[PDB]
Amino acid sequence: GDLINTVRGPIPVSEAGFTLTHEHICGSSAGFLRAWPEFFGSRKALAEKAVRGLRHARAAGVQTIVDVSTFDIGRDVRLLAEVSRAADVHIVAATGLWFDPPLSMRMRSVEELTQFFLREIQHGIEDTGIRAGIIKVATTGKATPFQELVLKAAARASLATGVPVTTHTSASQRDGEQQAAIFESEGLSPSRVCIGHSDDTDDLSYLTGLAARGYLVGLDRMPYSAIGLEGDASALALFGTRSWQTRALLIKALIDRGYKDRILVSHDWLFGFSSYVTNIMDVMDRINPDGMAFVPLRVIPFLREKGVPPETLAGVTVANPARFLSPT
């Protein structure tokens, strides 16, 4: 009975089960869902859509998602409690900062960031009492000077509390390596850290370099492909031109090289998206109507059929998430 915090309260680690470890109920901005609920039709329409989508993943075998929306992704922890109950799926919430932090965060020192993250982990997000169970952090290239601070503060808050840290990278620019240097300079154990979006590159030199050091490797955009959408300039920059299979192969690729224990797999999916072009979410829904059941329905059986054994895939979808989220 080691235990982790979800938006409905504590749970036993061993009940986390099949866990998608990089997901979003809604990709937004701080204060936005409350200032402009209609952007999304309504708070009510959004919740109902999350709920339908999560019951879908849940039918498919998913029991937990980790919602890595930070303050600046507009994390609404009330909405997460409310879809979590309605759909009967555990949702682990996040602290940390993504790459859209407002001036109130950007003016802060490493010491004050660390107080902010610890607050959300140890006391509760906002006035709610709901505790973040993962720390989210981000670079898009060389870490900006403020990003260095967030990363060091992320590492301190993790050593204090034992909550894992997880990251956004621009994977083509091999951010994970800097990211790891910064965390390591703070004494953080690589097995407390997941380097995310790593399925955005096919650079296995890069990926096995991280895995070999003990980092978890987040293969977390499985359904993101813009094949057949070549005249959709915003779809392209976001989805890329590699297929879902090409991504799913990375998983086998690491398993064949002995790195089964260092993989986490997810969709980086959402049910609403205000922080990009208008209607991106219709686009997304056409390219992947399965939303967050895409991994269990498409990716696992594809792995099974390329000869990956079931015990191995269990270790990836259950054991690794469990090892990772377990406060250490």
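Start at 1 with the first residue shown and count on from there.
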Averaging only over Cα atoms, indicate whether 166-174 or 227-235 has the higher B-factor in the PDB entry.
227-235
Out of 95-103 and 237-245, which stretch has the higher average CA B-factor listed in the record?
237-245
For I134, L188, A153, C194, the deposited C-alpha B-factor is largest at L188
Looking only at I287, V66, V299, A57, the Cα with the top B-factor belongs to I287
Third of chain Cα B-factors occupied by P310
highest
For the chain shown, is the CA B-factor of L270 in the lowest, middle or highest third of its modelled residues?
lowest
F146, C-alpha B-factor rank within chain (lowest, middle or highest third):
lowest
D220's Cα B-factor: lowest, middle or highest third of the chain?
middle
In terms of its chain's C-alpha B-factors, the third that includes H123 is the highest
